[PDB]
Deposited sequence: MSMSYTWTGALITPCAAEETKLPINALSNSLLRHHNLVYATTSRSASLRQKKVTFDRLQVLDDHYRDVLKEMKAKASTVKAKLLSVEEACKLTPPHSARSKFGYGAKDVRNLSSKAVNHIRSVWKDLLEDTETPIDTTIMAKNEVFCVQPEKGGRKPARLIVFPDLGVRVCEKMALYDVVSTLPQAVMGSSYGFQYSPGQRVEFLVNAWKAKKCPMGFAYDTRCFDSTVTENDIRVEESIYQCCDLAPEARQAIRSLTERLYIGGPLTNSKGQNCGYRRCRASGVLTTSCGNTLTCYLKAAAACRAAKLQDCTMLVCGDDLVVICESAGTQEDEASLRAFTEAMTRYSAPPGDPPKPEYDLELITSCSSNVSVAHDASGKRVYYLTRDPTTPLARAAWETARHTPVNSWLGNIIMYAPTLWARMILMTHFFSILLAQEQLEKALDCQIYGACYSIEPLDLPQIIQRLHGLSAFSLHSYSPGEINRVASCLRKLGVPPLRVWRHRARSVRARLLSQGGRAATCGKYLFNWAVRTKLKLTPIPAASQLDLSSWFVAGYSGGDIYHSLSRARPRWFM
């Protein structure tokens, strides 16, 4: 079948930002027929995955529990209620949610309607590597269907990927734990070889069989009878496909591939990518494979068979993935240094802590983080990528010296340090106060994240070149700015002084001891690095369990 079918009605509207004006360029790329051929390797891996899914017991969420997972700014329903009414358990919201649920139990076939829209993402204007990127399209069902998805599948998509893929499931790892996994896997090989595999329009390559095989994995869970029917009905009416409706309410066509804005997008993509890749590893006869999968993002670490043999096994891996309908964008290349593998646009780098000890950490090219941060300072935005980047890339030179200094200077000026802000972590939305950042960083990266030095020449040059390219003042200006920022924060006491002392210890001439923050342990981070939820429409507010009067 065709991944998509179009009527001709436009995808109407809701350093550059991507708009609906480029949607036509994306539509051309994502529209094609899929030719999938399965084999014994695929069926074997699938049976192995299902045997692991069999150990899972999933709970049906109540209306109230599902309502609480709804983001405050989640797209309103076309049936006269919004995200605020859902969160407050309003009579109209709850009634419509209960009628949608009943309809999923009684109707097993009628396709559910979805909205199609162009995503507005900020990217850096690079004329050296061609031109602008067309907008990525987002396909999502109505708010009421989105609440029912959580009731039926929130526990499944949170528990199942880990039970099935084990250590291969990328979203169970904080950036440091991801780093620890890769270092340990690389060290485990006599002669290691690693590669990243990028699929061209992964969502489009997802066939209805891929989606039915994904349900066969869900059906291995211990499920409540109504959860079982809702999964069956949601697969048939929503997940395999359905009609597309633009922002103006006009028919845009149809979809027969993965919808990017459903709860099962991350889980489904991860299970599908793992299945195809694990099977392809066998077809290519790659020895002692270790995989790390995050949706469509795959990294394979294996035992090298020699330079020529490694290139031949990669073409074989690619031939198998292509048969499974997962062809590459850019063909994969073998790497023989862990630092050379770029996965989720990130790479491993090393530094030293205060005592000269080596510390591995995850970094990335800072152009997009800085360009998006510049856009976010220029105009008000719903989600703050700057906050998510400080959290995830806390040990990096660029997040410490530029993102922290810049945003703490703004927060000091606006007197908004205590004001909670929304950020994205593995697709889920988190409401976080900037004052909690020292504690969040200590928990995810360790106390060493505040003492790191001896950055590599390559990492330093990438940062310095990026600042020049973007017209950002040099690193010496940032150290000078951080000293004033730090001084002002220190004078305020409490969590504000903790921000000063810990986040900006790199800026002082002499450098302080830095003892662990005692209130860091109180932070409830139980739901943080469990699963991926991109497109899932998931929200969580940061909570502090058992506070002490003096902390």
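- No alpha-carbon coordinates exist for the deposited sequence positions 1, 16 to 37, given here in order along the chain.
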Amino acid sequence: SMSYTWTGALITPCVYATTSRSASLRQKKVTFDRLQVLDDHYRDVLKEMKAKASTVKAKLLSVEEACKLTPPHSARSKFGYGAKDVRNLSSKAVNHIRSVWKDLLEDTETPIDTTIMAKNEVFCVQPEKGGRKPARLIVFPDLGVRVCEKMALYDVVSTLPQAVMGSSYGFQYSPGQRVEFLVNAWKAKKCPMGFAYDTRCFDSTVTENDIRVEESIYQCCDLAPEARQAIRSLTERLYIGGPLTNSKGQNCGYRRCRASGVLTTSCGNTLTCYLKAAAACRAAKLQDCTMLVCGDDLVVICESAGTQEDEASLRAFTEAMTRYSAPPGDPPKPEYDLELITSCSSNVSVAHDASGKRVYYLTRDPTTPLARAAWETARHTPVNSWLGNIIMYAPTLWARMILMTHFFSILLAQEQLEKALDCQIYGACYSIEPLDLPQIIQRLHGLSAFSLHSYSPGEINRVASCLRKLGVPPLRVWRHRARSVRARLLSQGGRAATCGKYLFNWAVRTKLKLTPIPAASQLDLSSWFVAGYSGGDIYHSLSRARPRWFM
From here on, numbers count along this sequence of modelled residues.
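Note that the rigid core is defined as the largest set of C-alphas that superpose within 1.5 Å between two forms.
- In summary, of the stretches 196 to 204 and 425 to 433, 425 to 433 shows the greater Cα distance from the shown form in 8 other deposited structures of this protein, with structures fitted on the rigid core.
- For the pair 44 to 52 and 508 to 516, greater average C-alpha departure from the shown form in 8 other deposited structures of this protein after core alignment is found in 508 to 516.
- Where the other entries of this protein model the residues before and after it, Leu25 is kept in all of them rather than dropped from a third.
- In all of the other compared structures of this protein with flanking residues present, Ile538 is modelled, so it falls below the one-third mark for missing coordinates.
- Remark: stretch with higher mean C-alpha B factor among 280 to 288 and 399 to 407 is 280 to 288.
- For the pair 464 to 472 and 120 to 128, the mean Cα B-factor is higher in 120 to 128.
- For the set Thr205, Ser91, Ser451, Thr368, the PDB entry assigns the largest Cα B-factor to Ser91.
- Which of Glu309, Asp353, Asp107, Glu149 has the largest Cα B-factor in the deposited entry comes down to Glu309.
- Sort the chain's modelled residues by C-alpha temperature factor and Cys221 lands in the lowest third, per the entry.
- Remark: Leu514 belongs to the highest third of its chain, ranked by C-alpha B-factor as recorded.
- The deposited CA B-factor of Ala9 belongs to the highest third of values across its chain.
- Per-chain ranking of the deposited C-alpha B factor places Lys189 in the highest third.
- Among the modelled residues of the chain, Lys59 sits in the middle third by CA temperature factor in this PDB entry.
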